[PDB]
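> pasting the sequence and an experimental structure:
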Amino acid sequence: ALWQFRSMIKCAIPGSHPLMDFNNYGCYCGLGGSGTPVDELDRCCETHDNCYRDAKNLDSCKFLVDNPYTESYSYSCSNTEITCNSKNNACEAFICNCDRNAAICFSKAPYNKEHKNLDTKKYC
Ligand SMILES: [Ca+2]
């Protein structure tokens, strides 16, 4: 889940907005655009998209029409670090693993907060 990993993405960035620091960014990070990224940090948004979807195809969730931003969450928060859920059928918990390893790219990665604010021309 996207709003539900976006409580804890503001624990992840002590920080401010969970996305919008990402929505626009290098190309598209988390929300906005489409194509390929720029940063190591923007790569976990090519896959918070490419491992985010696949609930739609899932071994554990056979149904078509999940929507790429929706399924999981039952979390936490510490210093800046959470957990994900406390139940696990892949329907939620597979999507929850894509969300938290993106909270880890997004809190930390080989980050650069530098190509914010952008466009997709120079950028994508
Ligand atoms: Ca995107």
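On my side now, so go ahead. Residues are numbered from 1 along each chain as shown.

> quick one: the helices in this protein, in order.
All helices of the chain, identified by DSSP state H, fall at 2-5, 9-12, 40-50, 90-107.

> distance from the third one to the middle of the chain?
I take that to be helix 40-50. Mean C-alpha position of helix 40-50 versus that of the full chain (C-alpha atoms, centre = their mean, to the nearest Å) differs by 8 Å.

> for residue 83, see how far away residue 32 is.
Between residue 32 and residue 83 the distance is 28 Å, computed by C-beta to C-beta, to the nearest Å. Every C-beta, even on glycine, is put in place using the N, C-alpha and C of the backbone.

> please disregard the earlier target; I meant residue 41.
The gap separating residue 41 from residue 83 is 22 Å, by C-beta to C-beta.

> higher neighbour count, those two?
residue 41 (22 against 14; other C-beta atoms under 10 Å).

> OK, contacts around the nearest residue to the more buried one once chain neighbours are set aside?
Spatially, and ignoring its direct neighbours in sequence, residue 41 is nearest to residue 109 (4.3 Å; C-beta to C-beta, 6 or more residues apart in numbering). Counting by C-beta atoms under 8 Å, 6 or more residues apart in numbering, residue 109 makes contact with 39-41, 44.

> if we go to 7 Å?
40-41, 44 (C-beta atoms under 7 Å, 6 or more residues apart in numbering).

> then residue 74?
85-87.

> okay if I get those as TSV plus distance to residue 16 and neighbour count?
Shown next, in TSV, are the contacts of residue 74 (distance: C-beta to C-beta, whole Å; neighbours: other C-beta atoms under 10 Å):
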residue	distance to residue 16	neighbour count
85	25	21
86	28	9
87	30	12
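
> output these as CSV; include the columns distance to residue 104.
Formatted as CSV, these follow (distance: C-beta to C-beta, whole Å):
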residue, distance to residue 104
85, 16
86, 19
87, 21
